[PDB]
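> Got a structure for you, written out below as structure tokens; questions coming shortly.
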Amino acid sequence: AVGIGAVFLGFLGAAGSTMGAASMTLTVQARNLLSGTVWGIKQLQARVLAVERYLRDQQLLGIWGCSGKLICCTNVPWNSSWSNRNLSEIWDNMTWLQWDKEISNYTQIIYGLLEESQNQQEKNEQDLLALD
Amino acid sequence: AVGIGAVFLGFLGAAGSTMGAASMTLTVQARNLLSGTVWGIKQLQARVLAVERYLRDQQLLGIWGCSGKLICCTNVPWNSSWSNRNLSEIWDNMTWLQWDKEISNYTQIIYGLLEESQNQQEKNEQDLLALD
Amino acid sequence: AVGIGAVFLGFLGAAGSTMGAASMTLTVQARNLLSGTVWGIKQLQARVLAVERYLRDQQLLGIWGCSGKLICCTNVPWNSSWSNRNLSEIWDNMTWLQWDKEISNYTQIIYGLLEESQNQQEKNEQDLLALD
Amino acid sequence: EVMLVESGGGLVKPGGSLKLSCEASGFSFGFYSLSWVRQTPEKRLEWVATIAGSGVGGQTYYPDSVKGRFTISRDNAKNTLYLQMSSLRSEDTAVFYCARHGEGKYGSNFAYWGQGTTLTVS
Amino acid sequence: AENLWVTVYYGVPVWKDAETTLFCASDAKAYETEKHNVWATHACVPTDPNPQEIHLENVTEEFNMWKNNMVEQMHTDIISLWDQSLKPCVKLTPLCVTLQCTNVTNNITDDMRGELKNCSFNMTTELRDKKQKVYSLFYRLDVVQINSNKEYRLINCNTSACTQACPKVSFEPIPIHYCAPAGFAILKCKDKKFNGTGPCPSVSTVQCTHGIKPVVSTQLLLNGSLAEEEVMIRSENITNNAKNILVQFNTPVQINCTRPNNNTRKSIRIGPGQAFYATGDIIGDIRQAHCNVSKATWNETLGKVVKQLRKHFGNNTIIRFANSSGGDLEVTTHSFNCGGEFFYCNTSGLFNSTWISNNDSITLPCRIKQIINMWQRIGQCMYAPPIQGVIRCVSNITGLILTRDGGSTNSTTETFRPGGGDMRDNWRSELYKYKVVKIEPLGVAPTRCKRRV
Amino acid sequence: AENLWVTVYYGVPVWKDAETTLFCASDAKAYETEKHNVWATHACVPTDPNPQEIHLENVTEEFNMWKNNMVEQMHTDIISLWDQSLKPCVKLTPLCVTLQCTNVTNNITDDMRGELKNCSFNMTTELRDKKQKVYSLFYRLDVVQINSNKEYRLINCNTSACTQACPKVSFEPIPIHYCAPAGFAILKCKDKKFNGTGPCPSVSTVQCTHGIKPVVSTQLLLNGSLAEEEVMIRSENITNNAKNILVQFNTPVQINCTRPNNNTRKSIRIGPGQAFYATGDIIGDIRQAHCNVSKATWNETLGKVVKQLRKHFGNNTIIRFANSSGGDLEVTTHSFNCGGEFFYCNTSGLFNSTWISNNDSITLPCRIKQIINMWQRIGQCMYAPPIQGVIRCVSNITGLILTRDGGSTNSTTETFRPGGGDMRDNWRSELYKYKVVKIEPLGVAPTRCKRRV
Amino acid sequence: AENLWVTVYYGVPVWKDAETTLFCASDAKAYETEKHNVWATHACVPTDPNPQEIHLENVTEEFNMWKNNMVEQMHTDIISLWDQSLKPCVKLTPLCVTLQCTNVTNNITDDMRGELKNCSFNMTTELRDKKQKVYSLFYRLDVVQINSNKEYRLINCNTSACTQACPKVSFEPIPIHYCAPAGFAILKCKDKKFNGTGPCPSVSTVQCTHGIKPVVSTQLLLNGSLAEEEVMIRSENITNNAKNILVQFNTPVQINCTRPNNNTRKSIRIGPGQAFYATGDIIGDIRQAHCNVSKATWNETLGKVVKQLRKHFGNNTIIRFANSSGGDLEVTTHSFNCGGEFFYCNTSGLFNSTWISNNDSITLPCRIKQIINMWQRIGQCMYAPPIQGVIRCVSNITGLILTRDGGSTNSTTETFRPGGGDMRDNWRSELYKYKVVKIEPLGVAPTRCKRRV
Amino acid sequence: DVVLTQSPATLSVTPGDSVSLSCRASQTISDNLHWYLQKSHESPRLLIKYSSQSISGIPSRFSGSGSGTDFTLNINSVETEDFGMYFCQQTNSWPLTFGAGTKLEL
Ligand SMILES: *[C@@H]1O[C@H](CO)[C@@H](O[C@@H]2O[C@H](CO)[C@@H](O)[C@H](O)[C@H]2NC(C)=O)[C@H](O)[C@H]1NC(C)=O
Ligand SMILES: *[C@@H]1O[C@H](CO)[C@@H](O[C@@H]2O[C@H](CO)[C@@H](O)[C@H](O)[C@H]2NC(C)=O)[C@H](O)[C@H]1NC(C)=O
């Protein structure tokens with residue numbers, strides 16, 4: 001018939017799939033992130049831990065150029081000292097869990113690179129906006 | 001005593017009014033949504049119910065194309081199986097509380113339509129940005 | 001060489017400095033605002049006070065035209081009844097704490113001006129978008 | 001700031017008709033109740049008409065000496081106030097001022113006055 | 001043209017019915033009395049000035065009082081803060097001793113009865129070795145005989161040892177403004193003719209309710225929220241015999257309850273830092289505590305309610321009253337509080353009339369009981385301490401809780417009988433104007449604009 | 001071309017191992033029984049239907065069940081709500097009186113011993129003056145002799161006064177669905193051949209676990225999570241002698257535990273509202289409580305597990321069993337619960353065989369103890385009340401907890417011995433399939449696009 | 001040009017004064033000692049390394065410690081976790097028995113007095129029937145006479161039965177780093193010249209304070225936060241007579257408090273699992289506990305503080321000292337803790353001098369009290385248990401809390417007097433450098449740019 | 001109708017002096033009385049709102065008082081620019097009515 005359950009996967013559905021197929025559906029891991037007298041405090045300290053660890057990435061996301069766009073280009077170049085990999089592989093050869101291991105040393109340089117690469121574009125926008 | 005003082009339209013002012021007059025002031029229902037040893041946990045469990053259901057509509061807004069713009073057009077057409085009403089009426093005849101009854105079956109089809117109509121437009125911006 | 005500890009300050013580093021040097025780095029005070037059985041509820045009531053007064057500023061930011069840009073022009077003019085100061089002084093003579101004393105009467109007039117200056121431009125954007 | 005600029009004054013024969021206008025700026029026009037007040041050649045002030053604001057009820061009010069004769073209206077989308085005059089009398093001769101009221105409970109007063117337009121009926 | 005497109009609308013006035021936890025707003029003026037001289041004056045929130053009672057024009061709204069919530073939560077937490085105001089006070093376990101009681105010294109007439117027994121017993125002092133022999137006075141409604149001589153024991157000594165009450169706290173009602181959290185409104189029905197259910201075509205939105213006084217009367221609701229114009233009666237099925245008829249009348253009825261015994265207090269030391277307040281001598285005469293109502297007012301009010309009852313049961317209906325056929329001592333009586341002491345009256349000179357469709361005062365002989373099992377919980381009671389001096393209070397009778405007599409014949413009479421039953425129905429005389437809705441913005445509507453690329 | 005640029009990616013599937021507080025999901029069908037007739041049925045969350053058990057194709061994951069967390073939190077809170085269901089119940093302090101005990105009236109055989117002593121003592125009534133002289137019956141494992149005459153005392157009267165148990169609550173296991181909060185997934189290893197550690201190449205993501213029944217047996221795990229195909233054995237270092245061998249077998253073994261005494265109850269009143277349930281008369285005969293297993297099944301199951309044990313210890317290995325050489329009464333025995341009463345059996349007719357590589361039932365003589373010191377805390381015990389009538393239950397032995405015998409010679413035999421020890425290893429028979437991960441989105445990848453100005 | 005436009009600026013450094021709930025940061029090295037051997041070592045937060053004490057150049061700030069908050073909150077929660085550390089310990093109700101006390105067996109000199117009385121009494125054992133007859137030793141400041149013969153009772157037996165202290169916990173001060181939550185800074189005044197009020201022109205922002213030791217001394221502040229260069233005195237109005245003068249000097253003064261009795265402990269069993277530790281025999285001789293200070297150091301320090309006092313009271317001012325004219329035993333004395341036992345010394349060999357503007361040690365005879373009513377609450381005390389062996393400690397006197405003498409004449413002398421009073425005044429000697437501000441970003445300023453459409 | 005009577009009609013005072021202008025209503029208007037200054041060849045300008053409330057942009061020398069029917073406008077050091085026509089106004093009832101004005105001359 002019309003309408004089948006094969007290619008319409010679920011939460012964490014493409015978690016072993018390639019990046020070119022994992023970036024097809026990113027919203028499904030996004031939207032299942034907030035909704036879904038002493039045995040109430042394990043609910044309280046799970047809720048204010050869920051909204052805390054959601055707000056920390058939405059604040060680090062907020063101060064770059066990417067408000068809620070979920071895919072966004074930036075201006076920093078990709079130093080090959082970070083990854084040194086070919087382009088034709090890294091969207092269909094490796095996988096995302098292999099990526100987070102493959103870059104995790106070089107994170108907090110990228111996270112450190114993003115605020116100045118945003119704030120430099122911000123003040124250059126301000127210097128453009130100030131004259132008019 | 002004659003009552004000539006300017007009295008700005010308060011909270012929920014056009015709540016029985018038509019959509020063309022309710023959409024004049026939408027910010028007033030927007031802004032009174034966050035601000036306004038056992039009777040402290042009744043304060044705590046009211047606060048931590050308020051911030052998730054505020055963040056949940058701010059996330060469903062966030063994951064469409066409308067980050068914080070609060071009014072936004074989209075690209076999906078309006079199938080008449082949903083509402084079957086005339087256009088010339090539904091901005092000055094009916095009201096919003098009559099709308100939520102008039103549409104509530106056809107919700108979660110529209111909400112399912114919005115993520116795919118956004119992420120398809122999203123990857124189409126990526127395919128436009130990738131070639132240049 | 002390149003890189004000295006003199007001009008590379010820290011959190012609240014330019015907190016006495018002038019506005020033209022405090023607005024150079026505003027993200028550093030922005031980003032250090034969320035991360036960093038009865039003595040756990042002072043942790044709970046410190047966390048849900050931190051995320052509430054963070055969200056209140058993210059709401060006042062959200063309902064203007066400034067989603068997360070952190071510096072943004074607007075359209076309302078600056079009536080000299082507010083400040084009556086010269087422009088050439090108030091970016092390098094005075095300081096920010098002197099500004100907050102110098103303006104604190106005139107807040108909630110600006111905050112009322114910002115919402116109407118956003119929503120009038122918003123509906124005028126809708127009336128512009130409706131005709132085409 | 002609040003600016004009120006009236007136009008339309010002229011010399012009218014009694015029994016004639018005339019529409020005055022008041023173009024306003026510097027405030028949220030529709031929320032405020034607005035009035036026409038006239039000043040007679042002896043410098044006496046006589047309130048002429050009021051139209052309430054959108055959040056005030058939007059009704060019109062007239063004193064007995066003009067009720068049934070004078071009509072005040074507003075077009076809030078262009079921030080303009082009108083005073084429609086019919087069955088004019090020589091006693092209507094005055095400078096007519098447009099005026100804006102205040103806000104809330106302490107706002108039924110005239111807060112701002114326009115420059116005025118002159119009506120002479122003779 | 002016909003290519004209509006979805007456009008979302010954030011911040012849009014619509015609401016649905018829901019139920020969430022509401023909170024106090026104690027009035028800030030009651031904050032001057034320091035550190036809980038009454039329960040819940042430091043615990044919950046200082047109020048706000050000028051609550052934004054704002055009209056909702058062209059709005060009708062289907063209110064309800066029988067399947068309503070938020071009268072269950074208020075009864076729940078008022079139970080809970082009653083236990084909060086009873087957990088610090090001293091437990092009165094070691095008073096369960098075999099008493100020895102005689103008549104109090106008084107001019108015993110056979111018509112009157114010895115209301116107070118002497119009951120000299122033994123009780124431990126602060127030293128664990130010594131045991132003093134102390135005496136007290138006790139009402140006849142608190143001792144039963146363990147069976148020459150005459151020796152009693154406490155009635156609650158079976159199955160429920162229960163606490164004293166600290167004389168720092170006070171049982172007075174303070175106003176309570178219930179307030180909704182963020183995202184919730186409180187609809188108030190402004191209709192001057194509004195029974196229980198039905199669309200209320202004149203509502204108004206608040207954020208905090210008016211000051212509700214939590215009182216405890218079973219029959220004869222007191223001191224709160226008079227009606228507008230008429231005497232409004234409202235129930236469930238008026239052709240039911242199990243649903244009470246919450247009468248709420250328009251003009252107040254002044255009650256003048258008093259207690260003319262002097263009732264000197266004294267403090268017996270149980271142990272280390274455990275005081276026990278017992279009534280010592282009574283100075284003067286042993287006279288009965290009573291209450292008064294004006295016969296012209298009460299008969300005029302029954303003239304009102306016999307018109308409004310015929311509005312539901314037709315004309316030529318011989319309305320008569322009776323006196324609550326049976327039940328416990330706390331349901332057959334007007335059980336209430338006055339200055340910190342618990343009067344049990346006898347509404348049987350009041351509810352006794354008959355009405356056909358064609359200056360003096362009524363005195364109600366009350367009686368006082370010291371242990372208290374309000375809300376009829378299983379393993380609680382409450383030894384109320386004595387209080388000094390003559391006790392007198394003045395209150396407004398505002399509404400009744402009647403109950404019809406479940407006939408099954410084609411008769412005309414309707415012998416109404418008063419009856420309290422559940423204590424929630426008292427707060428249904430205060431919470432019929434207010435419902436709580438949940439604002440659910442971000443609606444969606446199609447119009448002719450499209451998100452350009 | 002080579003001008004690659006950083007592009008962040010929000011909402012991206014990767015996870016890391018973590019540990020946070022999980023919560024219940026009680027089944028909604030167990031919500032009909034009102035107000036905690038078993039622990040944790042109103043306190044924590046009603047479940048969901050059809051939990052989204054969704055496969056994760058092309059996914060391998062390094063599981064572990066010995067260094068696993070979340071089996072420590074479940075033991076922590078099950079301790080805590082066990083104390084929560086004992087804080088309302090009545091403390092049994094005033095029972096520490098010097099007893100006077102004789103033999104129970106019974107057919108004393110020299111082979112049998114008097115299990116129950118009479119123990120008539122004095123105990124205060126609800127009045128502080130009177131002291132009734134009451135009698136009871138007591139097991140020999142609850143009295144010790146204070147040293148003609150014969151006078152005992154309670155065993156726990158030294159060092160631990162401990163509560164009675166309220167007959168409203170019930171000690172039956174109910175299913176518990178553990179669910180992860182938002183942002184955390186629960187990986188389930190779907191491999192039908194999976195020992196303790198090792199990458200599980202067939203995982204699946206759920207949101208709520210299946211209903212786990214928390215039982216307490218030391219040897220002979222009961223009533224839970226049978227194996228798929230074979231009898232799976234799993235441990236830590238199998239060349240260690242301190243690491244238990246959690247056997248989990250495939251087909252259930254039916255046990256038939258009973259207690260054939262009638263054991264009539266009676267209620268002695270300690271004080272105000274403090275009842276104490278003591279066993280009165282026993283109707284019928286005084287017979288010993290026992291358990292049954294089928295001998296053909298048990299011998300066949302040991303024939304299975306000696307085959308799977310030879311997979312780790314080679315062939316021609318003369319595997320034999322023994323009977324838990326020493327320890328306390330709660331580790332040398334199959335200590336369990338049945339209907340609210342605590343059987344201590346004697347697995348020494350079971351674990352006694354030897355196996356070389358070439359219809360009747362086994363009866364286990366059990367014994368009952370009334371005070372209970374489950375989890376071996378320092379200052380607690382638990383007087384279980386008696387229960388009416390003949391008691392009988394039927395359960396499935398599902399898994400063993402073996403322990404090898406630590407040889408240091410070049411022998412072939414391996415005398416396995418049973419041993420319960422820590423109760424966490426029971427729940428390690430339920431939580432070895434499940435690990436809990438933390439979803440960590442916002443990945444980052446270079447591609448050829450730049451944020452335009 | 002003049003068409004200036006509003007431009008908001010998010011994340012901008014300004015702050016206002018506020019007050020919110022702060023939390024601990026216990027040092028991680030004190031986390032190795034398991035499960036609260038001292039109060040508040042597992043309960044609140046493990047610290048961070050290297051707290052970012054970062055300067056705020058060109059900043060002056062009006063500090064205050066007299067109208068300061070957060071020295072009230074630290075006193076609030078230290079009261080609260082002091083009550084938290086007494087709820088597990090055993091209640092000492094059944095000790096209120098009529099004692100019978102004689103002199104202790106000792107070489108009684110008339111100059112010395114019998115500090116310890118014998119007091120052999122009766123007390124119930126763990127069996128409710130039997131009552132052992134035990135004896136102890138007790139200080140003279142803990143028994144009063146019930147009035148031939150001589151029989152005493154406990155002093156707190158009137159009005160306040162109070163608990164033992166569990167020997168797991170310890171009353172030693174550990175450092176405590178108070179930390180602000182997110183969005184709040186802690187200003188630290190780095191000025192080496194800073195009295196009570198006044199703008200501090202060299203501040204620095206932290207998030208966690210340095211390790212504060214919570215001690216309890218009334219006079220002679222101990223073991224904390226010496227001054228930088230001089231001896232700093234600081235008060236409220238120095239022309240007031242009710243505001244203490246918190247002297248804080250620069251070099252520490254070493255005290256040598258000891259207790260030379262051996263004081264063997266013993267354990268009496270009150271009931272089930274309720275031990276009570278009483279001092280049994282004392283081995284050796286009964287000698288008085290004292291403290292030592294160097295006379296050259298104390299006289300040199302008073303030579304310093306009379307110089308700094310003349311800075312506020314002029315020259316040719318004959319400054320003399322006296323010995324805290326009156327008050328209770330806990331205000332007239334240097335009341336402190338040493339190793340778990342409570343010395344009450346006698347600062348009257350110290351505060352006795354006179355100063356005009358032109359090798360041996362001082363021994364202070366202290367005395368020990370076992371029940372303790374620190375902070376003078378109404379219905380609490382604290383029976384400190386005995387401790388084994390000779391007791392000796394060494395501490396640094398860091399600051400005094402003096403108090404002037406309210407003259408009203410044109411005299412020159414100023415008889416200064418020591419006085420403890422409120423324990424908060426100790427912590428105002430620790431929390432004067434720190435104020436807590438609230439960062440309020442998102443400012444707004446006009447400039448010449450307009451949001452283009 | 002509410003009649004407003006302003007007194008005096010005309011008053012000459014030297015600049016620097018202070019004046020009190022009276023407006024009396026035929027009925028009580030609780031506090032509904034406002035004051036306006038109209039300089040010569042100019043439009044009126046609001047000075048005082050609701051008997052006593054000051055107006056942003058109006059000098060502090062203008063002060064108001066009065067309650068019920070009797071209201072007073074004080075000018076506490078009159079400046080040259082203050083000379084002109086003075087009006088009171090009521091909002092208690094329809095119709096809105098004015099006083100006859102006080103003429104302040106130099
Ligand atoms: C507890 O004892 C009281 C007596 O103090 C009992 O009260 C009465 O008991 C007699 C027994 O013959 C009954 O006839 C009465 O109806 C009882 N009256 C009331 C008001 O209870 C009581 O029954 C005993 N039990 C409980 C559970 O309270
Ligand atoms: C409780 O009893 C104690 C001792 O029995 C009382 O303490 C002293 O009592 C004598 C009585 O002659 C007084 O002279 C003293 O002033 C009391 N000293 C103190 C420190 O109180 C005590 O007064 C009694 N009452 C309370 C409330 O403690």
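Letters A, B, ... mark the chains of the structure tokens in the order given; residue numbers begin at 1 per chain; ligand numbers begin at 1, in order shown.
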Can you pull out every residue within 9 Å of stretch 70-85 of chain B, counting only C-alpha atoms, but drop anything in the same chain fewer than 4 positions away, and send it as an MDAnalysis selection string?
(chainID B and resid 26:27 61 65:66 89:90 102:103 105:107 110 113:114 117:118) or (chainID C and resid 63 122:123 126 129) or (chainID E and resid 2:11 442 446:452)
> Take the residues just selected and output them with C-alpha atoms as a PDB file, in the first residue's frame.

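Saved file selection-v4.pdb follows:
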```pdb
ATOM      1  CA  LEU B  26      -0.364  38.965  20.203  1.00  0.00           C
ATOM      2  CA  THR B  27       2.539  40.070  22.381  1.00  0.00           C
ATOM      3  CA  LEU B  61       8.501  27.333  17.335  1.00  0.00           C
ATOM      4  CA  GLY B  65      11.489  28.285  10.402  1.00  0.00           C
ATOM      5  CA  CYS B  66      10.306  30.803  12.973  1.00  0.00           C
ATOM      6  CA  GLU B  89     -15.094  34.763   6.703  1.00  0.00           C
ATOM      7  CA  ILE B  90     -12.243  33.333   8.739  1.00  0.00           C
ATOM      8  CA  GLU B 102     -12.613  23.836  14.422  1.00  0.00           C
ATOM      9  CA  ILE B 103      -9.147  22.463  13.748  1.00  0.00           C
ATOM     10  CA  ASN B 105      -8.477  16.977  14.616  1.00  0.00           C
ATOM     11  CA  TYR B 106      -6.308  18.337  11.861  1.00  0.00           C
ATOM     12  CA  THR B 107      -3.548  19.289  14.208  1.00  0.00           C
ATOM     13  CA  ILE B 110       0.078  20.200  10.381  1.00  0.00           C
ATOM     14  CA  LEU B 113       3.983  18.744   8.147  1.00  0.00           C
ATOM     15  CA  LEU B 114       5.978  21.634   9.554  1.00  0.00           C
ATOM     16  CA  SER B 117       8.603  21.293   5.275  1.00  0.00           C
ATOM     17  CA  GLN B 118      11.272  23.078   7.257  1.00  0.00           C
TER      18      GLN B 118
ATOM     19  CA  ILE C  63      10.205  39.714  21.854  1.00  0.00           C
ATOM     20  CA  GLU C 122       5.985  42.905  12.352  1.00  0.00           C
ATOM     21  CA  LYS C 123       2.452  43.421  11.178  1.00  0.00           C
ATOM     22  CA  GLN C 126       2.949  40.812   7.255  1.00  0.00           C
ATOM     23  CA  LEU C 129       4.233  39.851   2.671  1.00  0.00           C
TER      24      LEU C 129
ATOM     25  CA  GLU E   2      -6.848  29.889  -3.324  1.00  0.00           C
ATOM     26  CA  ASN E   3      -3.232  28.942  -2.555  1.00  0.00           C
ATOM     27  CA  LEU E   4      -3.695  29.466   1.154  1.00  0.00           C
ATOM     28  CA  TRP E   5      -0.679  28.815   3.336  1.00  0.00           C
ATOM     29  CA  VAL E   6      -0.190  27.856   6.950  1.00  0.00           C
ATOM     30  CA  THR E   7       0.811  30.774   9.200  1.00  0.00           C
ATOM     31  CA  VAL E   8       1.418  30.154  12.876  1.00  0.00           C
ATOM     32  CA  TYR E   9       0.371  32.718  15.472  1.00  0.00           C
ATOM     33  CA  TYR E  10       2.272  32.863  18.751  1.00  0.00           C
ATOM     34  CA  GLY E  11       0.701  34.471  21.783  1.00  0.00           C
ATOM     35  CA  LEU E 442       0.560  29.467  19.359  1.00  0.00           C
ATOM     36  CA  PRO E 446      -4.031  29.765   6.789  1.00  0.00           C
ATOM     37  CA  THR E 447      -3.614  33.031   4.945  1.00  0.00           C
ATOM     38  CA  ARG E 448      -2.158  34.203   1.661  1.00  0.00           C
ATOM     39  CA  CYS E 449       1.536  34.729   2.227  1.00  0.00           C
ATOM     40  CA  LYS E 450       4.373  32.313   1.622  1.00  0.00           C
ATOM     41  CA  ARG E 451       7.833  31.966   3.125  1.00  0.00           C
ATOM     42  CA  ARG E 452      10.041  33.308   0.350  1.00  0.00           C
TER      43      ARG E 452
END
```
> Give the residue list for ligand 1 at 9 Å, counting only C-alpha atoms and all ligand atoms, as a ChimeraX atom specification, sorted by chain and then by residue number.
/E:143-146,153-160,328 /F:273
> Just want the 7 Å neighbourhood of residue H:69, counted on only C-alpha atoms, with same-chain residues fewer than 3 positions away dropped. Output as a list in words.
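Residues near the query, excluding close chain neighbours: residues 24, 25, 26, 27, 28 and 29 of chain H.
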> Produce a file of the selected residues containing C-alpha atoms, as a PDB file, in the first residue's frame.

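Written out: selection-v7.pdb:
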```pdb
ATOM      1  CA  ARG H  24     -14.413  76.752  41.813  1.00  0.00           C
ATOM      2  CA  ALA H  25     -16.746  74.055  40.520  1.00  0.00           C
ATOM      3  CA  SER H  26     -20.520  74.067  40.869  1.00  0.00           C
ATOM      4  CA  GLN H  27     -20.325  70.426  42.010  1.00  0.00           C
ATOM      5  CA  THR H  28     -17.712  68.205  43.627  1.00  0.00           C
ATOM      6  CA  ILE H  29     -15.272  66.709  41.153  1.00  0.00           C
TER       7      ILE H  29
END
```
> Looking at B:54, B:88, B:109, B:98, which one is nearest to chain A, with distances taken over only C-alpha atoms?
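Smallest separation from chain A among the options: B:54.
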> Just the alpha helix (DSSP H) stuff from stretch 78-200 of chain G, please, per backbone DSSP, written as a count of residues only.
7
> Please identify all polymer residues within 9 Å of residue H:48, counting only C-alpha atoms, omitting same-chain residues fewer than 5 positions from it, and present them as a PyMOL selection string.
chain H and resi 33-36+53-55+58+62-64+73
> Please save N, CA and C atoms of the selected residues as a PDB file, in the first residue's frame.

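Full text of out_12.pdb as output:
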```pdb
ATOM      1  N   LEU H  33      -9.523  68.342  38.343  1.00  0.00           N
ATOM      2  CA  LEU H  33      -9.376  69.721  37.907  1.00  0.00           C
ATOM      3  C   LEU H  33      -7.957  69.931  37.424  1.00  0.00           C
ATOM      4  N   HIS H  34      -7.846  70.440  36.206  1.00  0.00           N
ATOM      5  CA  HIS H  34      -6.561  70.608  35.557  1.00  0.00           C
ATOM      6  C   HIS H  34      -6.352  72.069  35.180  1.00  0.00           C
ATOM      7  N   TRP H  35      -5.078  72.442  35.066  1.00  0.00           N
ATOM      8  CA  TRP H  35      -4.642  73.802  34.791  1.00  0.00           C
ATOM      9  C   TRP H  35      -3.799  73.830  33.533  1.00  0.00           C
ATOM     10  N   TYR H  36      -4.038  74.870  32.736  1.00  0.00           N
ATOM     11  CA  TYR H  36      -3.357  75.104  31.477  1.00  0.00           C
ATOM     12  C   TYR H  36      -2.879  76.546  31.392  1.00  0.00           C
ATOM     13  N   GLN H  53      -1.138  67.027  40.098  1.00  0.00           N
ATOM     14  CA  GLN H  53      -0.120  66.185  39.483  1.00  0.00           C
ATOM     15  C   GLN H  53       0.689  66.974  38.459  1.00  0.00           C
ATOM     16  N   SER H  54       2.011  66.923  38.596  1.00  0.00           N
ATOM     17  CA  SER H  54       2.910  67.693  37.751  1.00  0.00           C
ATOM     18  C   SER H  54       3.059  67.024  36.388  1.00  0.00           C
ATOM     19  N   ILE H  55       3.436  67.827  35.395  1.00  0.00           N
ATOM     20  CA  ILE H  55       3.572  67.373  34.015  1.00  0.00           C
ATOM     21  C   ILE H  55       5.027  67.472  33.584  1.00  0.00           C
ATOM     22  N   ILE H  58       7.047  70.719  32.197  1.00  0.00           N
ATOM     23  CA  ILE H  58       6.538  71.933  32.827  1.00  0.00           C
ATOM     24  C   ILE H  58       7.429  72.272  34.015  1.00  0.00           C
ATOM     25  N   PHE H  62       5.301  75.600  38.873  1.00  0.00           N
ATOM     26  CA  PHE H  62       3.871  75.338  38.811  1.00  0.00           C
ATOM     27  C   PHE H  62       3.537  74.231  39.802  1.00  0.00           C
ATOM     28  N   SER H  63       2.565  74.505  40.666  1.00  0.00           N
ATOM     29  CA  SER H  63       2.111  73.604  41.713  1.00  0.00           C
ATOM     30  C   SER H  63       0.601  73.711  41.799  1.00  0.00           C
ATOM     31  N   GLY H  64      -0.063  72.604  42.112  1.00  0.00           N
ATOM     32  CA  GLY H  64      -1.498  72.627  42.256  1.00  0.00           C
ATOM     33  C   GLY H  64      -1.950  71.996  43.558  1.00  0.00           C
ATOM     34  N   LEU H  73      -4.120  76.889  41.666  1.00  0.00           N
ATOM     35  CA  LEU H  73      -2.852  76.784  40.958  1.00  0.00           C
ATOM     36  C   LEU H  73      -1.891  77.830  41.495  1.00  0.00           C
TER      37      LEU H  73
END
```
> When DSSP is applied to the backbone of this structure, which of chain H are assigned strand (DSSP E)? Write them out as a VMD selection string.
chain H and resid 4 to 7 10 to 12 19 to 25 33 to 38 44 to 49 53 to 54 62 to 67 70 to 75 84 to 90 102 to 105
